[PDB]
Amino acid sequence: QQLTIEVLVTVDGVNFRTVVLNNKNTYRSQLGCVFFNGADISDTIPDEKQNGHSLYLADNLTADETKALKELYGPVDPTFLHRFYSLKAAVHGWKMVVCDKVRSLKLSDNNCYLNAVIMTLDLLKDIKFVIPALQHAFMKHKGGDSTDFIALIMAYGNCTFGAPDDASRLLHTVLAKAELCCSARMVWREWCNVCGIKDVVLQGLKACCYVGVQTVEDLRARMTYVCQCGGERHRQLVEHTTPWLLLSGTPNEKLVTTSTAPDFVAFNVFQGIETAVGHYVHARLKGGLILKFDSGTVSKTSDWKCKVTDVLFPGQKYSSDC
């Protein structure tokens, strides 16, 4: 050819392989989709400068790289790695501001739902992620560097850069990949007039989340559905010990006031019409006031007429002989 370089190729930053290249074809034709220092260089012709440099490979993986990719990220779809590399580059321009030691994501490219997701996640004690790459990015985020964690969340959530998205959906999809590092139990008593009574126990993190109610009064109320036998089966919470409680419902317009001494510690708000593009806001209760974190813009109020979606309560201690 005309000149030869050697590059190092990785999908995890731990294991690298050497690939010999020339300047007669692009990276994509010789090797595949490659990122150099966070930038896609696949359609460029290799130059003597990049000799010895490292490249992150997003396709054309070898058998060993595919195994390592599964251990690092779990079972992902064929587009996941390229989407994660591209998101990470696109979210590079975002800013994570800190107001009185509270992290918050500035508004940009309709990312307000990510603001509510991140700040809700920052209030969850003792959560840890079971996907190693998701846990590594989490520690980075807790250490002040959120790029990987933001990008990974959007990749696992099938989120698109620039498009608005569902904060509650992404929060629970993220939480489905985590586990609790303490004790939590949730005992549901079920009974049908034909079959009888059976108690059902939920352990760990899933004992701390419920999608369908927004108050602990509705969580503890009696529910009714169809039994396997085909008749009325009932169900009710009879025991609950948690470090906290996340309840998520549809946008529900209520009046939130601090003169009533509310029991929850934080909540997310959906602003606008549900059949239109809405704007998410994260809110916390401090000093007998409502601290609204509108994507890097802080406010304080005593009352707020808003449509809540997620609500976060302190730990639960509950018993009920039903």
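Numbering starts at 1 and follows the sequence shown.
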property: 33-41 or 270-278, whichever carries the higher mean Cα B-factor; result: 270-278
property: Segment of higher mean CA temperature factor, 110-118 or 89-97; result: 89-97
property: Candidate residues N60, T26, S54, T297, the one whose C-alpha B factor the record puts highest; result: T297
property: Per the PDB entry, maximal CA B factor within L171, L237, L134, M154; result: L237
property: Chain-wide C-alpha B factor ranking for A167, given as lowest, middle or highest third; result: lowest
property: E232 by Cα B-factor - lowest, middle or highest third of the modelled chain; result: highest
property: Assigned third (lowest, middle, highest) for the C-alpha B factor of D77; result: lowest
property: Third of the chain's Cα B-factor distribution that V19 belongs to, per the entry; result: middle
property: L245, C-alpha B-factor rank within chain (lowest, middle or highest third); result: lowest
